[PDB]
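Student:
2 protein chains.
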Amino acid sequence: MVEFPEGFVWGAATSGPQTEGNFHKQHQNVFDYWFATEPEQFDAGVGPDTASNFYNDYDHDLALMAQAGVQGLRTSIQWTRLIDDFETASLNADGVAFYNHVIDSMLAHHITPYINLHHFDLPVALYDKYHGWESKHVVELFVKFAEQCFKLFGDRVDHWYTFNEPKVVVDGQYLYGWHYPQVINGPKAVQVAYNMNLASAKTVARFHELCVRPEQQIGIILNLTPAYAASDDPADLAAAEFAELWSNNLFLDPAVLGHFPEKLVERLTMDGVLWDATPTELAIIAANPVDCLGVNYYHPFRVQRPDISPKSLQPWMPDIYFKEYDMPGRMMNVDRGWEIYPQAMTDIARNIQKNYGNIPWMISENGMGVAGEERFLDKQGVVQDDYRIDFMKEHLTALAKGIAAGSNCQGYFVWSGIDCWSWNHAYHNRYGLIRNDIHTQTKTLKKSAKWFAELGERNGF
Amino acid sequence: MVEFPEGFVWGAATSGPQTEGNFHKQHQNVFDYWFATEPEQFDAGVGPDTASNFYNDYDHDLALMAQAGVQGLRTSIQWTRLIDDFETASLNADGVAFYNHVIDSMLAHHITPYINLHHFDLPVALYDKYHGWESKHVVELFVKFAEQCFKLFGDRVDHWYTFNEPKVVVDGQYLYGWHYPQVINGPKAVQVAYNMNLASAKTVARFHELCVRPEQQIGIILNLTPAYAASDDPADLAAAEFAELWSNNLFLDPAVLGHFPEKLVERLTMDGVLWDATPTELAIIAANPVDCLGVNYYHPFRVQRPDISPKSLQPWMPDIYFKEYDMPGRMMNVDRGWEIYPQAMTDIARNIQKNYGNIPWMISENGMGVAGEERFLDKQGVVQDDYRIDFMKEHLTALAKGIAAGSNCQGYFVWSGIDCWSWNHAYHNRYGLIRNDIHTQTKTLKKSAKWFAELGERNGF
Numbered sequence: 001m002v003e004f005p006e007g008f009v010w011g012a013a014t015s016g017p018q019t020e021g022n023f024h025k026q027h028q029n030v031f032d033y034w035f036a037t038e039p040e041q042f043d044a045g046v047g048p049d050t051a052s053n054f055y056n057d058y059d060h061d062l063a064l065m066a067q068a069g070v071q072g073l074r075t076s077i078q079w080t081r082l083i084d085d086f087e088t089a090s091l092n093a094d095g096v097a098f099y100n101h102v103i104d105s106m107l108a109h110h111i112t113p114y115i116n117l118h119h120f121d122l123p124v125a126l127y128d129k130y131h132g133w134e135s136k137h138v139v140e141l142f143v144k145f146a147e148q149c150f151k152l153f154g155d156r157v158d159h160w161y162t163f164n165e166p167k168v169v170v171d172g173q174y175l176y177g178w179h180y181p182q183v184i185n186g187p188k189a190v191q192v193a194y195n196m197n198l199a200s201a202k203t204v205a206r207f208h209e210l211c212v213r214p215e216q217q218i219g220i221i222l223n224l225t226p227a228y229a230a231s232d233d234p235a236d237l238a239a240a241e242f243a244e245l246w247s248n249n250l251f252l253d254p255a256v257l258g259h260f261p262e263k264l265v266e267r268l269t270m271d272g273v274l275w276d277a278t279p280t281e282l283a284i285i286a287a288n289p290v291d292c293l294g295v296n297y298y299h300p301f302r303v304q305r306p307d308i309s310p311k312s313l314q315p316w317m318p319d320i321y322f323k324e325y326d327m328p329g330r331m332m333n334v335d336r337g338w339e340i341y342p343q344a345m346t347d348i349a350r351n352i353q354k355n356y357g358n359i360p361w362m363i364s365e366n367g368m369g370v371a372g373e374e375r376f377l378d379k380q381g382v383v384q385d386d387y388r389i390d391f392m393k394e395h396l397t398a399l400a401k402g403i404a405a406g407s408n409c410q411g412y413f414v415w416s417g418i419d420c421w422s423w424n425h426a427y428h429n430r431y432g433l434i435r436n437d438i439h440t441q442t443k444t445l446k447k448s449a450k451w452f453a454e455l456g457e458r459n460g461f
Numbered sequence: 001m002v003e004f005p006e007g008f009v010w011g012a013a014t015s016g017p018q019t020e021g022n023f024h025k026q027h028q029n030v031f032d033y034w035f036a037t038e039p040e041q042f043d044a045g046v047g048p049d050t051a052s053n054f055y056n057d058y059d060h061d062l063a064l065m066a067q068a069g070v071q072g073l074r075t076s077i078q079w080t081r082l083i084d085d086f087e088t089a090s091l092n093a094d095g096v097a098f099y100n101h102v103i104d105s106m107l108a109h110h111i112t113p114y115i116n117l118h119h120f121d122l123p124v125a126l127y128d129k130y131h132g133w134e135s136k137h138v139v140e141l142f143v144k145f146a147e148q149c150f151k152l153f154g155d156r157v158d159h160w161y162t163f164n165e166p167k168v169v170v171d172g173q174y175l176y177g178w179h180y181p182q183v184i185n186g187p188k189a190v191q192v193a194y195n196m197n198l199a200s201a202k203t204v205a206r207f208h209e210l211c212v213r214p215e216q217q218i219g220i221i222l223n224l225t226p227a228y229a230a231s232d233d234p235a236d237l238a239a240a241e242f243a244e245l246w247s248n249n250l251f252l253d254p255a256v257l258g259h260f261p262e263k264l265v266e267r268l269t270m271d272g273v274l275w276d277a278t279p280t281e282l283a284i285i286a287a288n289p290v291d292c293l294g295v296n297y298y299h300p301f302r303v304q305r306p307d308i309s310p311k312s313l314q315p316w317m318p319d320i321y322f323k324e325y326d327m328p329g330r331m332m333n334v335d336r337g338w339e340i341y342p343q344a345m346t347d348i349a350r351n352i353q354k355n356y357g358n359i360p361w362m363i364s365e366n367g368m369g370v371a372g373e374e375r376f377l378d379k380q381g382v383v384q385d386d387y388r389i390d391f392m393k394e395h396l397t398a399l400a401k402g403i404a405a406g407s408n409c410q411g412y413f414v415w416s417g418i419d420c421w422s423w424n425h426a427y428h429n430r431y432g433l434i435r436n437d438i439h440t441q442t443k444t445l446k447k448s449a450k451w452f453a454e455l456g457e458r459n460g461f
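Top to bottom, those sequences are chains C and D. Numbering (the entry's author numbering) for the first sequence: 1 to 461. Numbering (the entry's author numbering) for the second sequence: 1 to 461.
#1: Anything in chain D within Cβ reach of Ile284 (chain C), meaning under 8 Å, just list it in chain order.
#2: How should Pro39 (chain C) be labelled, buried or exposed, when 16 other C-beta atoms within 10 angstroms of its C-beta is the threshold for buried?
#3: With the cut-off set at 9 Å, would you say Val9 (chain D) and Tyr412 (chain D) are in Cβ contact?
#4: Does any C-beta atom of chain C lie closer than 9 Å to the C-beta of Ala205 (chain D)?
#5: Cβ atoms of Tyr194 (chain D) and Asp271 (chain D): under 9 Å apart, would you say?
#6: Less than 9 Å separating the beta-carbons of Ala229 (chain C) and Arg302 (chain C)?
#7: Between which residues of its own chain and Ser105 (chain C) is the CB-CB distance below 7 Å, once the five residues before and five after are set aside?
#8: With a cut-off of 8 Å on the beta carbons, I'd call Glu241 (chain D) and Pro300 (chain D) a contact; round off their distance for me.
#9: Determine the DSSP secondary structure at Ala371 (chain D), reduced to helix, strand or coil.
#10: Taking C-beta pairs closer than 9 Å, name the residues in chain D that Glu209 (chain C) reaches, listed in chain order.
#11: So, with DSSP's three-state summary, where would you put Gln191 (chain C)?
#12: Label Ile103 (chain D) either buried or exposed according to how many other C-beta atoms from any shown protein chain fall within 10 Å of its C-beta, with 16 as the threshold for buried.
#13: To which residues of the same chain is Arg336 (chain C) closer than 7 Å at the C-beta, ignoring the five residues directly before and after it?
#14: Assign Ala93 (chain D) to one of two classes, buried (16 or more other C-beta atoms within 10 Å of its C-beta) or exposed (fewer than that).
#15: Spell out the partners DSSP gives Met317 (chain C) in its beta bridges.
#16: Are the stretch 368-382 of chain C and the stretch 277-293 of chain C in contact at 8 Å, needing three or more beta carbon pairs?
#17: Can you tell me where the beta strand (DSSP E) holding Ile434 (chain C) begins and where it ends?
#18: By alpha-carbon positions, which one of C:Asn249, C:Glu365, C:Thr203, C:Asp326 ends up nearest to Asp291 (chain C)?
#19: Could I get the ranges of all uninterrupted beta strand (DSSP E) runs contained in the stretch 400-459 of chain D, with 3 residues as the minimum, in chain order?
#20: Tell me whether the beta-carbon of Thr14 (chain D) lies closer than 9 Å to the beta-carbon of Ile438 (chain D).
#21: What first and last residue would you give for the alpha helix (DSSP H) that runs through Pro166 (chain C)?
#22: Got a sec? Which residues, its chain only, sit under 6 Å from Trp246 (chain C) by beta carbon, not counting five neighbours each side?
#23: Is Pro123 (chain D) helix, strand or coil when you go by DSSP?
#24: Do we get a CB-CB distance below 9 Å when we pair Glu134 (chain C) with the residues of chain D?
#25: State the Cα-Cα distance for the pair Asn351 (chain C) and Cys211 (chain C), rounded to the nearest angstrom.
#26: Starting from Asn92 (chain D) and walking both ways along the alpha helix (DSSP H), at which residues does that stretch end?
#27: Can you grab the Cα-Cα spacing for the pair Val70 (chain C) / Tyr321 (chain C), in whole Å?
#28: What's the gap between the Cα of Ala68 (chain C) and the Cα of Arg74 (chain C)?
#29: Give a yes or no on contact between the stretch 342-357 of chain D and the stretch 410-426 of chain D, applying the rule of three or more CB pairs nearer than 8 Å.
#30: For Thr50 (chain C), which three-state DSSP category applies?
#31: Please go through the stretch 259-304 of chain C and give each complete alpha helix (DSSP H) segment of 4 or more residues, from N-terminal end onward.
#32: Pull the bridge partners of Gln217 (chain D) from the DSSP assignment, please.
#33: Taking the alpha helix (DSSP H) that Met1 (chain D) falls in, what are its first and last residues?
#34: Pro113 (chain C) and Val157 (chain C) look like a contact to me (Cβ under 8 Å); what is the Cβ gap, rounded to whole Å?
#35: Quick check on the burial criterion: 16 or more other C-beta atoms within 10 angstroms. Buried or exposed for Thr19 (chain D)?
#36: Kindly give me the distance between the Cβ atoms of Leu64 (chain C) and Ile434 (chain C), rounded to whole angstroms, as I take these residues to be in contact under 8 Å.
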């Protein structure tokens, strides 16, 4: 009924910090320091120290993912596990052995590796010493980390990503208190956003200097949720277009077009908060756009005029130009508090084909979180997560209008394969195709796993 | 009878390691370490620990130089004095205070500062830890240190130089045994020569991001002695061709034209000794040529065919393509071993005018050395150094020819103002317009000093 192009990749997505646990990890990332210092900030007091036991059970975990039909698995390498000395990027031996064990095990179970380099997991010591992503030195240290990954695993990994959603690091660490160090400072957030795009372009450059095969591509993973206007009222349209530029063009334009959006640059310049860039750095951005693009989508975003004039006496924040809008009539996932709107899939697909040269791209994250999935166990202990099947059917159907109209969309990656640790929310909401009983780290396929496996065999539903 | 353009600058040239002494210097450069462990390698046992006492006596020393007609003093800031932590380029407080005193004292004596950032004085710890200029990381540390110099002193310093004769570091440290660490490795020296051209271009880029005046200019100091063919025989013209590419084009073309000489790159590639470069690096080199040129010249250089074929089995060295030639009938400075040939001054001027856009340039070093000048002391303790006047006269007369033919030469700096420490030769040969008795650090003008002052007021002789 719905068919997908030949060679379409059917995948799942996690990260190292949300799965491995901290077993024998040399360094703390910001979340490990946060958890070890303020465990009360975490749901049920579950921190990342054990997560989903992937450090210990990766092999059998991969067997289960392959049964659920994971053809390609995307996860991440922790800067804080691979690296001994950050200034030098020397190798922690156990960390190197672990990631090789993981990659080899993926290829033993016929799972194609998709490796991302950074998923919100800055080493706390680099924050302490340089304030992390605010420091162009830390940007250089990341490239050095990235080179070590290219040299150690490039013989077996064709598909690479620099960052997963830099904007969430920008928002979490410097705007809204989501991430340790919980800084609230607009001007610093602007500098961080620039520095991460710069880290990204530098890593693409280093990758293309070292890559030997045509199959080897490096991309970036962004959330491209559109910023839908609340109404056709002019103040709402003005709010929607800044929020579009701020949330999407801020990273999409430099990563894919090689430049920042000039209207955004103009606005930050006039507000006095523009980042510090050099001509060399800008030239590096222009010269090293990504090969491909990972797209994350879960729920839409709608905006209206700000309550007060942006000329008001207040600390600068991107939010002075827009406020979120809840739409009367919205279809809702009520317990998670998110609108369901799979047509965003189709709009995103078209933005990419019309305004970004139809660059090769994939849905790298799409999924639905539900709390207390033990309510829906059947008598053999399998979650009857039909809601998650329905969810995937709605978003894939819109994605197929996506591809039928021309989108160079090359795969679909579910968040997630195995239930994994969602930062402060920990295991409140489960997204997996595969349940994890985190007390015993016992993993069981849910119903959606078998449907996802047949989806990949039929190449449709 | 022989006069110069309006506003021609009459200056003197030294460097920091040859004048200051090591008084309260936090770090050893390469020569400090070399002397501290092998003083027998240094003439009469004299190292750089006191030199010409400039750390203590800069004020009165600057008065004597002004008495001798020094309108512009070119010297250097030592990396090892200014910088506490090389990795961060944090400041040593006594080092900053000293160079502030020196620059301020220069102005109070009406001497225009010309500041060179590097004169063969690699910090020895960066050699031990990274192998120094071989490490593109050391390149980045240099840029950081250069930024500090601009930020601290740019407000009163308009004339900057990235390096003095990078080729002498390549030759001295990696080819012929002149400089600690005394490595003898052809391929390494090629990479070092690449890295210092890169470091210079990166330093031009940082200067221009931070320069706040039209008057502020940065350049590089190069010896541009022509490579004279021993004869018009093809084999001698071919050797002179390569020695010219290797001696001058290797630094001049990147610095002024923004690219390496493709004939040289062809030759090194064919010989498999080419440097490792990146597209990014070559673009920085292309984008930041110097503002001006400083030209060093003391004696000519003549070249014939190698004794044996370059296809012979021998370690790759630039010299496989050319041998130094001794012309019969040459005018010699016999004690020093150098030929006297002021006509080269004219040749240099014309080469810049005709093949380098007539970019603004100066003779930044020219001068004659003479051992044991006590022989020519008179009743006054004044060295009767008529030979140095004759030398200056002859080479100035050739310069004026170049100028009248239209070469954009704008000044002429004598080496040196005060007798200074000439590396392993230390104080064997004396070059100053002003003598230093190095036992008492008592400094007294020579006859040539008064004449240089009269040369300035008359703008000619």
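Ideal placement from N, C-alpha and C gives every residue a C-beta, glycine not left out.
Tutor: Put simply:
#1: On the first sequence, position 284 is the one that residue 284 (chain C) refers to. In chain order: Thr280.
#2: Position 39 of the first sequence, counted from the first residue, corresponds to residue 39 (chain C). With fewer than 16 Cβ atoms within 10 Å of its Cβ, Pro39 (chain C) is classed as exposed.
#3: One-based indexing of the second sequence puts residue 9 (chain D) at position 9. One-based indexing of the second sequence puts residue 412 (chain D) at position 412. Yes, they are a contact pair.
#4: As a first step, residue 205 (chain D) is located in the second sequence; it is residue number 205 there, counting from the start. Interface residue, yes.
#5: Numbered from 1 along the second sequence, position 271 holds the residue referred to as residue 271 (chain D). Numbered from 1 along the second sequence, position 194 holds the residue referred to as residue 194 (chain D). No, these two residues do not count as a Cβ contact at 9 Å.
#6: Working through the first sequence from its first residue, we reach residue 229 (chain C) at position 229. Working through the first sequence from its first residue, we reach residue 302 (chain C) at position 302. A contact, by the Cβ cut-off of 9 Å.
#7: Numbered from 1 along the first sequence, position 105 holds the residue referred to as residue 105 (chain C). Correct list, in chain order: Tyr58, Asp59, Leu62.
#8: Locating residue 241 (chain D) in the second sequence gives position 241, counting from the first residue. Locating residue 300 (chain D) in the second sequence gives position 300, counting from the first residue. Between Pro300 (chain D) and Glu241 (chain D) the Cβ distance is about 17 Å, and since that is not below 8 Å, they are no contact.
#9: Within the second sequence, numbered from 1, the residue matching residue 371 (chain D) stands at position 371. The answer is strand: DSSP assigns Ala371 (chain D) an E or B state.
#10: For the purposes of this step, residue 209 (chain C) is taken as the residue at position 209 of the first sequence. Contact of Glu209 (chain C) with chain D by beta-carbon distance below 9 Å involves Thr278, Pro279, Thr280.
#11: On the first sequence, residue 191 (chain C) is found 191 positions in, with the first residue counted as 1. Three-state result, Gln191 (chain C): helix.
#12: Position 103 of the second sequence holds residue 103 (chain D). Buried: at least 16 other Cβ atoms inside 10 Å.
#13: One-based indexing of the first sequence puts residue 336 (chain C) at position 336. Excluding positions up to five away in sequence, the list reads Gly369, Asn429.
#14: Locating residue 93 (chain D) in the second sequence gives position 93, where the first residue counts as 1. Under a 10 Å Cβ-count criterion, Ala93 (chain D) is classified as exposed, with fewer than 16 other Cβ atoms of the shown protein chains found around its own Cβ.
#15: Here residue 317 (chain C) is taken as the residue at index 317 of the first sequence, counted from 1. Note: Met317 (chain C) sits in no beta bridge, so no partner.
#16: no
#17: Residue numbering aside, residue 434 (chain C) sits at position 434 when the first sequence is read from its first letter. For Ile434 (chain C), the enclosing beta strand (DSSP E) covers residues 434-437.
#18: For the purposes of this step, residue 291 (chain C) is identified with residue 291 of the first sequence, where counting begins at 1. The option with the nearest alpha carbon to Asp291 (chain C) is C:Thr203.
#19: Runs of the beta strand (DSSP E) inside the stretch 400-459 of chain D: 409-414, 434-437, 442-445.
#20: The count along the second sequence starts at 1 and reaches residue 14 (chain D) at position 14. The count along the second sequence starts at 1 and reaches residue 438 (chain D) at position 438. No, Cβ-Cβ distance for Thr14 (chain D) and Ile438 (chain D) is not below 9 Å.
#21: Start at 1 with the first residue of the first sequence, and residue 166 (chain C) comes out as number 166. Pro166 (chain C) -> alpha helix (DSSP H) spans 166-174.
#22: The residue you call residue 246 (chain C) lines up with position 246 of the first sequence. Around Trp246 (chain C): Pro318.
#23: Within the second sequence, the letter at position 123 stands for residue 123 (chain D). Strand.
#24: Here residue 134 (chain C) refers to the residue found at position 134 when the first sequence is read from its first residue. No, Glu134 (chain C) does not count as interfacial toward chain D.
#25: Mapped onto the first sequence, residue 351 (chain C) falls at position 351. Mapped onto the first sequence, residue 211 (chain C) falls at position 211. Straight-line spacing of the CA atoms in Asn351 (chain C) and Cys211 (chain C) works out to 30 Å.
#26: As a position in the second sequence, residue 92 (chain D) is number 92, starting the count at 1. Here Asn92 (chain D) belongs to no alpha helix (DSSP H), and DSSP marks it neither H nor E.
#27: Sequence index remark: in the first sequence, residue 70 (chain C) carries index 70 (1-based). Sequence index remark: in the first sequence, residue 321 (chain C) carries index 321 (1-based). Cα to Cα, the separation comes out at about 42 Å.
#28: Stepping through the first sequence from its first residue, residue 68 (chain C) is reached at position 68. Stepping through the first sequence from its first residue, residue 74 (chain C) is reached at position 74. If I take the Cα positions, the gap works out to 15 Å.
#29: no
#30: The count along the first sequence starts at 1 and reaches residue 50 (chain C) at position 50. Reduced to three states, the DSSP call for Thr50 (chain C) is coil.
#31: Counting only runs of 4 or more, we get 262-271, 279-287.
#32: Counting from one through the second sequence, the residue named residue 217 (chain D) turns up at place 217. In DSSP, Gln217 (chain D) forms a bridge with D:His159.
#33: Stepping through the second sequence from its first residue, residue 1 (chain D) is reached at position 1. No alpha helix (DSSP H) contains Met1 (chain D), which DSSP labels as neither H nor E.
#34: Within the first sequence, the letter at position 113 stands for residue 113 (chain C). Within the first sequence, the letter at position 157 stands for residue 157 (chain C). About 5 Å separates the beta carbon of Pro113 (chain C) from that of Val157 (chain C), a gap short enough to meet the 8 Å contact definition.
#35: Against the second sequence, residue 19 (chain D) aligns to sequence position 19. Its Cβ being crowded by 16 or more others within 10 Å, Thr19 (chain D) is buried.
#36: Along the first sequence, read from residue 1 onward, the residue named residue 64 (chain C) stands at position 64. Along the first sequence, read from residue 1 onward, the residue named residue 434 (chain C) stands at position 434. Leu64 (chain C) to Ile434 (chain C), Cβ: 5 Å. Contact.
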